[PDB]
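One structure is given below, encoded as structure tokens.
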There are 2 protein chains.
Amino acid sequence: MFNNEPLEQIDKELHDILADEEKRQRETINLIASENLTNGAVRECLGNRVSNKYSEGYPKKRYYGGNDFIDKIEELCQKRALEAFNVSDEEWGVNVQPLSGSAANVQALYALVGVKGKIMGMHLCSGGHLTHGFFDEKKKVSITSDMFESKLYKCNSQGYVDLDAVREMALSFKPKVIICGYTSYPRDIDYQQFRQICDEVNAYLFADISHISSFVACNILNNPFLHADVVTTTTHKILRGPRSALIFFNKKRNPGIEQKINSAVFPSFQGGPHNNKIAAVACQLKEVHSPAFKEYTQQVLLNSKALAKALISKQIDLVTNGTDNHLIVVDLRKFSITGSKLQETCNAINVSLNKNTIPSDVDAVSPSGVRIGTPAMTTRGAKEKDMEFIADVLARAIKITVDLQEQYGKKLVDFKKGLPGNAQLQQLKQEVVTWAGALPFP
Amino acid sequence: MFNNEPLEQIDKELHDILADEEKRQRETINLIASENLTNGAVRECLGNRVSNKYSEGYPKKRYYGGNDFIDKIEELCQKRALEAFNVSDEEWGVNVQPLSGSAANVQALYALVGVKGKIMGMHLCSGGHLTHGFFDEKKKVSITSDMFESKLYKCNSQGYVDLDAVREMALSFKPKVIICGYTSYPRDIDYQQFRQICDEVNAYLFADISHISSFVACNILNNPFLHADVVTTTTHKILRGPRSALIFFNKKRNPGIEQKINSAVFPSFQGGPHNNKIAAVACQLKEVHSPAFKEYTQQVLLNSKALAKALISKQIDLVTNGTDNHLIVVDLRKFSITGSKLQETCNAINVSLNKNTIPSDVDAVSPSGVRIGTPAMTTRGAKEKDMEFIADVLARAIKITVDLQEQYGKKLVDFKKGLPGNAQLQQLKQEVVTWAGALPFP
Ligand SMILES: Cc1[nH]nc2c1[C@](c1cc(-c3ccc(S(=O)(=O)Cc4ccccc4)cc3)cc(C(F)(F)F)c1)(C(C)C)C(C#N)=C(N)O2
Ligand SMILES: Cc1[nH]nc2c1[C@](c1cc(-c3ccc(S(=O)(=O)Cc4ccccc4)cc3)cc(C(F)(F)F)c1)(C(C)C)C(C#N)=C(N)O2
Ligand SMILES: Cc1ncc(COP(=O)(O)O)c(CNCC(=O)O)c1O
Ligand SMILES: Cc1ncc(COP(=O)(O)O)c(CNCC(=O)O)c1O
Ligand SMILES: [Cl-]
């Protein structure tokens, strides 16, 4: 007693928008550092009938039966995850049920410390995530600042984690957890030194590697598995999976942690798992471990270096003056424009990027930079050579943005009035569309 | 720089299990009250490239641009929700970002009361959900019992909500929120009398209609929108949508609650929305408002009534002696068999159901009932006349279960040993498989 007419017929309104969305993605130069493009196989899993099944609990300890094939999937996923991140299943466990990065981080945080627990994280403005204890004078913005008691450490004026500052805070504040691994941090982390500080205060070491996950897995960057008690990652960014999260726990360093984490995810926070997610993640973790994906991941770094170097060749300042990974943060202060202004300008030319704070910023209201990343364009087949054009396009966007701020004023209201119809943008959008439109698209 | 081979070729290991899962579902008499079968249109959305997009925030108040098509989808979803539940967008607001029902309930609860806040709900044993403040003396099982201060009311010995007890507890406990709407409650709710109790103590009225949402929308059951400040629902049960949740808030009864709820979902708890979910919910919500879906929903109730009547005709006791909705709880005490045993016996004959507590149950570990629902089999084309056969199959399972407990004993390790090979089960599975396998299957 159901309707099996295809999407186009059943909901023409929705279907059109979706095709328009597809067309925008195909014709956009996507620099969002957190974004990527999923292959068909990952999308076949996400629309699989497996999502019909309620399987609260864990494999072999399910609340309901008929979960034989679901158990096989969730176990095949856990295996592939530990394999991908080069950890022994005797030493490390993994939970594959968290629905997304923010859920996963809160769940893990809860497991280790619980309500009222003391946590430490990098401040949003310096490059941390909201889920790392972010708050404001005015409001506890994240549940992580409110269900826990959080303290926030800043990077120095050059954009770098200052470990001396971390230690000063950890010895006076005395938290049960310190988080490292970040949302807009263009450099590698000294996990060993975090681990050293954690031991000094008897604090847990938590590493959120969502942005750099592929780098850790392919052994291109520092390995926090060597030192961390917990490692979290999303699966949708550089990893190129669906929208989900993984929580890794160090069984060997702390026994009784497996139950704590597993019970945090369920039943403390979530109910039924999303089996289409789990299948989809499994399908990408196969690909993560293949040597072709190591190729891709290397290409992401190659591209990120070339882009920084090309941006520096056009006299554009970068936070930390370069990158060790997939992401760059442009300091726009010398041009007397805001990140918000350039974001607007870049959307008018089909360039997705996001405004980002820099160390000199005192408020998140007017961030002075933008953040770009290479994983999505690397997925679409761009090489080091193709990075000069992108750097060139961003330099032209910066110029046009200065031109429009001169003509229409610095008020954001007024600036946007300038943007529609501008001949330079239309031309620049057209070039962006022509080059972007022809790149391979999964 | 990506692999575009289909799922079968890329990952044959995974694809076989999914085909096996597909086969099991097609060949199962699925009585899980919370399960359903989604159509091809809903699954085409879930596999859509819209999930590629990071769109943190709300429509027109997005952190990043390039969200013009994403904004149209999230707005078309919100609209269709309010239309589907027959509320005016002037009086009611809806949040479409919660990833699942348990996320939605915590998010809404935190909005209304915050950390340390007082809440009331129905006990899990009595038919409530985990997210309604469920705990044990041993442990704060749900975050809703730990991040909030929770008190739990009990249903009476006949399985009904006892409003006198709710009042007695409400005036003494003085909560800020009282929750009704339940996971395994076979009767309609008195929302008016809940409102009156809530008004008496200056508490919010929270209605969780995840199990009954179709009935509320289609006007077959009591409307909680007339009396509730907050209404939560999942989209994947009787609603027949993807795995997601909705939060409805009554703007007129409490202005400035829209911001409380929206801020709760993001950035308090979640990060980026899952736009494939959002698109999938939109697609189902169009179907919800059609009159053909009203026809289906009526049928779920016709079937549920007929099933109860047939079960009573075979001298089987139901909690509350019947049903007003899509679900039944079978009291098995007169047969001296547990729900766990009958779940095991039913998995062996490809009958999906779950064990469930009854009012005489003191502990959750040995529940004395099973819970069944009609939504899924109604989706597969079963009519009133097909319910006698389902009741006949469950009766035979009950007798087989008594026979096996006779031969191998009451201990569960021993009981299951009897299960494989039994002539009657193989016979019963065969008929289950024959009838199940030929029914329509989206
Ligand atoms: C969206 C998101 N998620 N996780 C994140 C972010 C970033 C971010 C986050 C915010 C942000 C700031 C505050 C709040 S708030 O307290 O809820 C309300 C408020 C917003 C604006 C002004 C005044 C009050 C919510 C989000 C602002 C910006 C910025 F670019 F606008 F500055 C960037 C970027 C990756 C986009 C960010 C940075 N940088 C970091 N590190 O992590
Ligand atoms: C799974 C789930 N989710 N939401 C729910 C349930 C039900 C339920 C839930 C439980 C349940 C009980 C305790 C816990 S616990 O304390 O977190 C962990 C624990 C593990 C092993 C041994 C003891 C405790 C978690 C779930 C038990 C049963 C039962 F049938 F076994 F009794 C049923 C059914 C729909 C399945 C339930 C009922 N009835 C209600 N109303 O809602
Ligand atoms: C360190 C970190 N953790 C978690 C998340 C996200 O979790 P959700 O899947 O719940 O969004 C992000 C992405 N932050 C936004 C970005 O980089 O664009 C992140 O950077
Ligand atoms: C009233 C209620 N609320 C919330 C949820 C679940 O949210 P999730 O999507 O996070 O599981 C359920 C499902 N309860 C299990 C069942 O009925 O089978 C429920 O019955
Ligand atoms: Cl999904």
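Letters A, B, ... mark the chains of the structure tokens in the order given; residue numbers begin at 1 per chain; ligand numbers begin at 1, in order shown.
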>> Could you list, as a ChimeraX atom specification, every residue within 12 Å of residue 38 (chain B), counting only C-alpha atoms and ignoring same-chain residues fewer than 2 positions away?
In response: /A:1-4,47-53 /B:35-36,40-46,235-243,280-281,283-284,287,375-376,379-380,441-442
List every residue of chain A that has an atom at most 7 Å from any atom of ligand 4, giving for each one its closest atom pair and the distance in Å to one decimal, counting only C-alpha atoms and all ligand atoms, sorted by chain and then by ascending residue number, as a Markdown table.
```
| residue | atom | partner | partner_atom_place_in_ligand_line | distance |
| --- | --- | --- | --- | --- |
| A:54 | CA | ligand 4 | 18 (O) | 6.6 |
| A:270 | CA | ligand 4 | 10 (O) | 5.2 |
| A:271 | CA | ligand 4 | 11 (O) | 3.7 |
| A:272 | CA | ligand 4 | 11 (O) | 4.0 |
```
> Using only C-alpha atoms and all ligand atoms, which protein or nucleic acid residues are at most 8 Å from ligand 3, as an MDAnalysis selection string?
Replying inline: (chainID A and resid 32:35 99:105 128:131 181:184 208:211 232:234 236 243:245) or (chainID B and resid 54 56 270:273)
>> I want to know what sits within 10 Å of residue 288 (chain B), based on only C-alpha atoms, with residues of the same chain fewer than 3 positions away left out; could you give that as JSON, numbers by chain?
In response: {"B": [80, 81, 83, 84, 85, 214, 217, 218, 239, 240, 241, 282, 283, 284, 285, 291, 292, 293, 294, 296, 297]}
Now that the selection is made, can you save its residues with N, CA, C and O atoms as a PDB file, in the first residue's frame?
```
ATOM      1  N   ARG B  80       6.217  22.115   4.713  1.00  0.00           N
ATOM      2  CA  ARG B  80       5.517  20.843   4.590  1.00  0.00           C
ATOM      3  C   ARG B  80       5.261  20.136   5.931  1.00  0.00           C
ATOM      4  O   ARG B  80       4.275  19.424   6.051  1.00  0.00           O
ATOM      5  N   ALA B  81       6.112  20.347   6.932  1.00  0.00           N
ATOM      6  CA  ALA B  81       5.897  19.805   8.288  1.00  0.00           C
ATOM      7  C   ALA B  81       4.689  20.396   8.980  1.00  0.00           C
ATOM      8  O   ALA B  81       3.914  19.692   9.626  1.00  0.00           O
ATOM      9  N   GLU B  83       2.167  22.157   7.540  1.00  0.00           N
ATOM     10  CA  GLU B  83       1.036  21.726   6.715  1.00  0.00           C
ATOM     11  C   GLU B  83       0.583  20.303   7.074  1.00  0.00           C
ATOM     12  O   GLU B  83      -0.616  20.054   7.269  1.00  0.00           O
ATOM     13  N   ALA B  84       1.543  19.385   7.190  1.00  0.00           N
ATOM     14  CA  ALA B  84       1.249  17.988   7.502  1.00  0.00           C
ATOM     15  C   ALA B  84       0.608  17.821   8.869  1.00  0.00           C
ATOM     16  O   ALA B  84      -0.337  17.054   9.001  1.00  0.00           O
ATOM     17  N   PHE B  85       1.104  18.549   9.874  1.00  0.00           N
ATOM     18  CA  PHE B  85       0.482  18.561  11.210  1.00  0.00           C
ATOM     19  C   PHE B  85      -0.564  19.668  11.453  1.00  0.00           C
ATOM     20  O   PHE B  85      -0.927  19.947  12.600  1.00  0.00           O
ATOM     21  N   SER B 214       1.540   9.816  12.395  1.00  0.00           N
ATOM     22  CA  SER B 214       0.605   9.701  11.295  1.00  0.00           C
ATOM     23  C   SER B 214      -0.832   9.861  11.767  1.00  0.00           C
ATOM     24  O   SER B 214      -1.640  10.480  11.091  1.00  0.00           O
ATOM     25  N   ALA B 217      -1.390  13.581  12.556  1.00  0.00           N
ATOM     26  CA  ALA B 217      -1.448  14.351  11.336  1.00  0.00           C
ATOM     27  C   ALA B 217      -2.763  14.132  10.622  1.00  0.00           C
ATOM     28  O   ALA B 217      -3.399  15.082  10.189  1.00  0.00           O
ATOM     29  N   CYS B 218      -3.172  12.868  10.524  1.00  0.00           N
ATOM     30  CA  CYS B 218      -4.374  12.489   9.770  1.00  0.00           C
ATOM     31  C   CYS B 218      -5.685  12.693  10.533  1.00  0.00           C
ATOM     32  O   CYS B 218      -6.745  12.443   9.979  1.00  0.00           O
ATOM     33  N   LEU B 239       5.252   7.424  10.286  1.00  0.00           N
ATOM     34  CA  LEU B 239       5.390   8.474   9.258  1.00  0.00           C
ATOM     35  C   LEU B 239       6.019   8.011   7.935  1.00  0.00           C
ATOM     36  O   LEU B 239       5.808   8.646   6.907  1.00  0.00           O
ATOM     37  N   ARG B 240       6.792   6.928   7.974  1.00  0.00           N
ATOM     38  CA  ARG B 240       7.325   6.266   6.769  1.00  0.00           C
ATOM     39  C   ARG B 240       8.444   7.055   6.072  1.00  0.00           C
ATOM     40  O   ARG B 240       8.736   6.835   4.885  1.00  0.00           O
ATOM     41  N   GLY B 241       9.094   7.944   6.818  1.00  0.00           N
ATOM     42  CA  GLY B 241      10.167   8.764   6.281  1.00  0.00           C
ATOM     43  C   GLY B 241      11.542   8.208   6.548  1.00  0.00           C
ATOM     44  O   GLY B 241      11.678   7.077   6.968  1.00  0.00           O
ATOM     45  N   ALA B 282      11.406  16.061   3.488  1.00  0.00           N
ATOM     46  CA  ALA B 282      10.563  16.857   2.574  1.00  0.00           C
ATOM     47  C   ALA B 282       9.754  15.961   1.665  1.00  0.00           C
ATOM     48  O   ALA B 282       8.560  16.137   1.548  1.00  0.00           O
ATOM     49  N   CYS B 283      10.429  15.022   1.022  1.00  0.00           N
ATOM     50  CA  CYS B 283       9.797  14.045   0.123  1.00  0.00           C
ATOM     51  C   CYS B 283       8.692  13.186   0.747  1.00  0.00           C
ATOM     52  O   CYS B 283       7.700  12.863   0.084  1.00  0.00           O
ATOM     53  N   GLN B 284       8.872  12.811   2.004  1.00  0.00           N
ATOM     54  CA  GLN B 284       7.871  12.020   2.702  1.00  0.00           C
ATOM     55  C   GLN B 284       6.755  12.908   3.196  1.00  0.00           C
ATOM     56  O   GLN B 284       5.601  12.496   3.225  1.00  0.00           O
ATOM     57  N   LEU B 285       7.096  14.118   3.605  1.00  0.00           N
ATOM     58  CA  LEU B 285       6.096  15.047   4.091  1.00  0.00           C
ATOM     59  C   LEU B 285       5.069  15.451   3.028  1.00  0.00           C
ATOM     60  O   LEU B 285       3.914  15.730   3.370  1.00  0.00           O
ATOM     61  N   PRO B 291      -4.242  12.363   0.432  1.00  0.00           N
ATOM     62  CA  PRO B 291      -5.315  11.581   1.049  1.00  0.00           C
ATOM     63  C   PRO B 291      -5.067  10.052   0.964  1.00  0.00           C
ATOM     64  O   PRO B 291      -5.619   9.302   1.784  1.00  0.00           O
ATOM     65  N   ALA B 292      -4.241   9.615   0.007  1.00  0.00           N
ATOM     66  CA  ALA B 292      -3.789   8.215  -0.074  1.00  0.00           C
ATOM     67  C   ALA B 292      -2.996   7.739   1.163  1.00  0.00           C
ATOM     68  O   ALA B 292      -3.037   6.553   1.509  1.00  0.00           O
ATOM     69  N   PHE B 293      -2.257   8.648   1.795  1.00  0.00           N
ATOM     70  CA  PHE B 293      -1.526   8.334   3.010  1.00  0.00           C
ATOM     71  C   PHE B 293      -2.479   8.251   4.202  1.00  0.00           C
ATOM     72  O   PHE B 293      -2.222   7.512   5.157  1.00  0.00           O
ATOM     73  N   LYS B 294      -3.547   9.049   4.169  1.00  0.00           N
ATOM     74  CA  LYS B 294      -4.639   8.940   5.159  1.00  0.00           C
ATOM     75  C   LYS B 294      -5.286   7.566   5.039  1.00  0.00           C
ATOM     76  O   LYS B 294      -5.593   6.933   6.061  1.00  0.00           O
ATOM     77  N   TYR B 296      -3.812   4.754   3.942  1.00  0.00           N
ATOM     78  CA  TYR B 296      -2.818   3.854   4.547  1.00  0.00           C
ATOM     79  C   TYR B 296      -2.860   3.870   6.074  1.00  0.00           C
ATOM     80  O   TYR B 296      -2.891   2.810   6.702  1.00  0.00           O
ATOM     81  N   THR B 297      -2.865   5.070   6.651  1.00  0.00           N
ATOM     82  CA  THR B 297      -2.885   5.247   8.117  1.00  0.00           C
ATOM     83  C   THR B 297      -4.130   4.658   8.761  1.00  0.00           C
ATOM     84  O   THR B 297      -4.045   4.073   9.836  1.00  0.00           O
TER      85      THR B 297
END
```
Can you list every residue of chain A that has an atom at most 7 Å from ligand 1, with its nearest atom pair and the distance in Å to one decimal, using only C-alpha atoms and all ligand atoms, ordered by chain then number, as a Markdown table?
```
| residue | atom | partner | partner_atom_place_in_ligand_line | distance |
| --- | --- | --- | --- | --- |
| A:124 | CA | ligand 1 | 41 (N) | 4.1 |
| A:125 | CA | ligand 1 | 39 (N) | 5.3 |
| A:126 | CA | ligand 1 | 41 (N) | 6.6 |
| A:127 | CA | ligand 1 | 41 (N) | 4.0 |
| A:128 | CA | ligand 1 | 41 (N) | 4.6 |
| A:129 | CA | ligand 1 | 42 (O) | 4.1 |
| A:130 | CA | ligand 1 | 4 (N) | 5.1 |
| A:135 | CA | ligand 1 | 16 (O) | 6.8 |
| A:136 | CA | ligand 1 | 16 (O) | 6.5 |
| A:141 | CA | ligand 1 | 16 (O) | 5.0 |
| A:183 | CA | ligand 1 | 41 (N) | 5.2 |
| A:184 | CA | ligand 1 | 41 (N) | 5.4 |
| A:354 | CA | ligand 1 | 36 (C) | 6.0 |
| A:355 | CA | ligand 1 | 30 (F) | 4.2 |
| A:356 | CA | ligand 1 | 30 (F) | 3.9 |
| A:357 | CA | ligand 1 | 39 (N) | 4.6 |
| A:364 | CA | ligand 1 | 32 (F) | 4.1 |
| A:365 | CA | ligand 1 | 22 (C) | 4.1 |
| A:366 | CA | ligand 1 | 32 (F) | 6.3 |
| A:367 | CA | ligand 1 | 32 (F) | 4.6 |
```
List as a Markdown table every residue of chain A that is in contact with ligand 5, defined as an atom at most 7 Å from one of its atoms (using only C-alpha atoms and all ligand atoms), together with the nearest atom pair and the distance in Å rounded to one decimal, sorted by chain and then rising number.
```
| residue | atom | partner | partner_atom_place_in_ligand_line | distance |
| --- | --- | --- | --- | --- |
| A:46 | CA | ligand 5 | 1 (Cl) | 5.8 |
| A:274 | CA | ligand 5 | 1 (Cl) | 7.0 |
| A:276 | CA | ligand 5 | 1 (Cl) | 6.3 |
| A:277 | CA | ligand 5 | 1 (Cl) | 5.7 |
```
Could you save the residues just selected, with C-alpha atoms, as a compact mmCIF listing (two decimals), in the first residue's frame?
```txt
# COMPACT_ATOMS: atom_id res chain seq x y z
CA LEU A 46 23.27 5.73 2.05
CA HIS A 274 21.69 4.51 11.23
CA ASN A 276 22.93 3.15 5.91
CA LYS A 277 25.58 5.38 7.48
```
> Taking into account only C-alpha atoms and all ligand atoms, which residue in the set B:10, B:301, B:404, B:358 is nearest to ligand 2?
Replying inline: B:358
>> Set the distance at 7 Å and use only C-alpha atoms: which residues neighbour residue 143 (chain B) once local chain neighbours fewer than 4 positions away are removed? I'd like the list as an NGL selection string.
In response: (:A and (268-269)) or (:B and (147))
>> Using DSSP assignments from the backbone, pull out every residue in region 40-171 of chain B that falls under alpha helix (DSSP H) and give it to me as a ChimeraX atom specification.
In response: /B:40-46,68-84,101-113,143-146,163-171
Mind writing the picked residues with C-alpha atoms as a PDB file, in the first residue's frame?
```
ATOM      1  CA  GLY B  40      12.380   4.559  -3.738  1.00  0.00           C
ATOM      2  CA  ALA B  41      11.828   8.332  -3.723  1.00  0.00           C
ATOM      3  CA  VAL B  42      12.796   8.730  -0.069  1.00  0.00           C
ATOM      4  CA  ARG B  43      15.903   6.590  -0.660  1.00  0.00           C
ATOM      5  CA  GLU B  44      16.929   8.577  -3.813  1.00  0.00           C
ATOM      6  CA  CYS B  45      17.129  11.652  -1.571  1.00  0.00           C
ATOM      7  CA  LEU B  46      19.197   9.812   1.014  1.00  0.00           C
ATOM      8  CA  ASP B  68      20.753  28.849  -1.962  1.00  0.00           C
ATOM      9  CA  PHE B  69      19.487  25.466  -3.081  1.00  0.00           C
ATOM     10  CA  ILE B  70      20.063  24.003   0.433  1.00  0.00           C
ATOM     11  CA  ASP B  71      18.002  26.920   1.861  1.00  0.00           C
ATOM     12  CA  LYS B  72      15.105  26.181  -0.529  1.00  0.00           C
ATOM     13  CA  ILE B  73      15.095  22.529   0.599  1.00  0.00           C
ATOM     14  CA  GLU B  74      15.227  23.296   4.326  1.00  0.00           C
ATOM     15  CA  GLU B  75      12.378  25.847   3.898  1.00  0.00           C
ATOM     16  CA  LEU B  76      10.253  23.491   1.778  1.00  0.00           C
ATOM     17  CA  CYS B  77      10.727  20.876   4.519  1.00  0.00           C
ATOM     18  CA  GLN B  78       9.693  23.205   7.384  1.00  0.00           C
ATOM     19  CA  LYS B  79       6.623  24.367   5.483  1.00  0.00           C
ATOM     20  CA  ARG B  80       5.517  20.843   4.590  1.00  0.00           C
ATOM     21  CA  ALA B  81       5.897  19.805   8.288  1.00  0.00           C
ATOM     22  CA  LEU B  82       3.516  22.460   9.542  1.00  0.00           C
ATOM     23  CA  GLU B  83       1.036  21.726   6.715  1.00  0.00           C
ATOM     24  CA  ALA B  84       1.249  17.988   7.502  1.00  0.00           C
ATOM     25  CA  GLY B 101      14.619  11.144  17.816  1.00  0.00           C
ATOM     26  CA  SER B 102      16.935  10.904  20.837  1.00  0.00           C
ATOM     27  CA  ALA B 103      19.021  13.833  19.686  1.00  0.00           C
ATOM     28  CA  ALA B 104      15.783  15.861  19.162  1.00  0.00           C
ATOM     29  CA  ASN B 105      14.355  15.082  22.613  1.00  0.00           C
ATOM     30  CA  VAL B 106      17.618  16.069  24.481  1.00  0.00           C
ATOM     31  CA  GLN B 107      17.945  19.220  22.362  1.00  0.00           C
ATOM     32  CA  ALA B 108      14.352  20.221  23.116  1.00  0.00           C
ATOM     33  CA  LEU B 109      14.676  19.390  26.808  1.00  0.00           C
ATOM     34  CA  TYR B 110      17.858  21.445  27.160  1.00  0.00           C
ATOM     35  CA  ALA B 111      16.204  24.422  25.367  1.00  0.00           C
ATOM     36  CA  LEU B 112      13.283  24.457  27.838  1.00  0.00           C
ATOM     37  CA  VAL B 113      15.072  23.769  31.155  1.00  0.00           C
ATOM     38  CA  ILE B 143      21.735  11.596  29.605  1.00  0.00           C
ATOM     39  CA  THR B 144      18.182  12.887  30.273  1.00  0.00           C
ATOM     40  CA  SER B 145      18.451  11.518  33.834  1.00  0.00           C
ATOM     41  CA  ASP B 146      21.971  12.966  34.375  1.00  0.00           C
ATOM     42  CA  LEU B 163      -3.222  11.058  35.868  1.00  0.00           C
ATOM     43  CA  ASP B 164      -3.829  11.249  39.610  1.00  0.00           C
ATOM     44  CA  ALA B 165      -0.282   9.924  40.124  1.00  0.00           C
ATOM     45  CA  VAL B 166       1.051  12.422  37.519  1.00  0.00           C
ATOM     46  CA  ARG B 167      -0.543  15.311  39.507  1.00  0.00           C
ATOM     47  CA  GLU B 168       0.649  13.915  42.882  1.00  0.00           C
ATOM     48  CA  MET B 169       4.206  13.792  41.510  1.00  0.00           C
ATOM     49  CA  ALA B 170       3.960  17.089  39.577  1.00  0.00           C
ATOM     50  CA  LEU B 171       2.827  19.205  42.599  1.00  0.00           C
TER      51      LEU B 171
END
```
> Could you write out, as a PyMOL selection string, all the residues of region 32-219 of chain B that DSSP marks as strand (DSSP E or B)?
Replying inline: chain B and resi 57-58+61-62+92-95+118-122+149-153+155+161+177-180+204-208
